[PDB]
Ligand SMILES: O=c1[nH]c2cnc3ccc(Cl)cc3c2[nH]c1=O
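Below you'll find only one chain, the form deposited without this ligand, shown as structure tokens.
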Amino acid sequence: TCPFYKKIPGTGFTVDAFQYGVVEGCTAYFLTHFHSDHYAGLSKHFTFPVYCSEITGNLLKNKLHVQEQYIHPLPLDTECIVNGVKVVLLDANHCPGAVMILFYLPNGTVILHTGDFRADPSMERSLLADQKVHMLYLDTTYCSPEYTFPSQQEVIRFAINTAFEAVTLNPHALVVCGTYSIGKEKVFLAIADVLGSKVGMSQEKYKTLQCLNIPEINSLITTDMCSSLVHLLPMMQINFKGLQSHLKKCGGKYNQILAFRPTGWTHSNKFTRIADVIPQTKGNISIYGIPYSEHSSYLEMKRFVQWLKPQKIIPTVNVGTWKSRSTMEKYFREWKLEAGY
């Protein structure tokens, strides 16, 4: 049965709740972003409205094959009526097409659902700046003070440097980047740009990227592997046995791979900075971990919540154990006492 933190009070609306069958009373199913935990359940056979962003809509049509009529894309930053309830979609600064949703209830309550987000100060000068938010449904993925990680711009800097050094040292080396969902496209697009290349990838990955409304995308990507010296592979495949296997296929065209694994947090964030990173090495193949995050650090989350001063907070991540729930509430109480709301 659909959990209460996926339902919006005083509406027929649910959020990211596609895996339970029909939910009784639900006139509308909102989808925050195209990640499989959030969409798990959709198919071609859905005949209830789905409201989502334009970009999420393209992925729904082309990757899952939902029928154009049931996909209601909405533009961002635009006051929109949806069954006589005003709603707004806002950029979540997560993956392509990811949004947060502002719900304006008939009774006067205002609810923000963040979906998955990486909180940022530019959100403090959006339509949120204009009025009070009573209830916050919050992405709590990294709600604990151990979780620090660098800025996205810091990480992209490091990457543009590593890659370009190597390629200029050895002109027969390949850059590989790992992937398993949408998100983090900046890693590979930045590397390719510095190297004067398109990015090469499988047919299915190319299809997915062609749904994202990236400007100039035809100039940036290709399915011709031979012609490219930045390749994307499955994240499963980013290891030595798999990279050897792949290094064979290229047919004596490169004599060294240099790979990047964009990851979330790992325990090596506790004791090692970004300028002081190293790879594992089994012969000519070198694998970097780079902590490029599309979720809020603890500090970024904390600042966003203390600015918003919500009357109530409902976590949507790490809610499956009493210990995590209890740990999170304690942080929420500190934040509230510090900030005086």
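Throughout, we count residues from 1 along the sequence that is shown.
Keep in mind the form solved in complex with this ligand is missing from the figure; the text below concerns it.
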Exercise. How does the site look for this ligand after superposition from its pose in the entry with it bound: open, or blocked with 3 or more ligand atoms within 2.4 Å of a backbone or C-beta atom?
Worked result: open
Exercise. In the entry with it bound, does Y142 have a heavy atom within 4.5 Å of this ligand?
Worked result: yes
Problem set entry | this ligand contact at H295 in the entry with it bound, heavy atom, 4.5 Å | yes
Problem set entry | 4.5 angstroms heavy atom contact with this ligand in the entry with it bound for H38 | yes
For this session: Mark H113 yes when one of its heavy atoms lies within 4.5 Å of a heavy atom of this ligand in the entry with it bound, and no otherwise.
Result: no
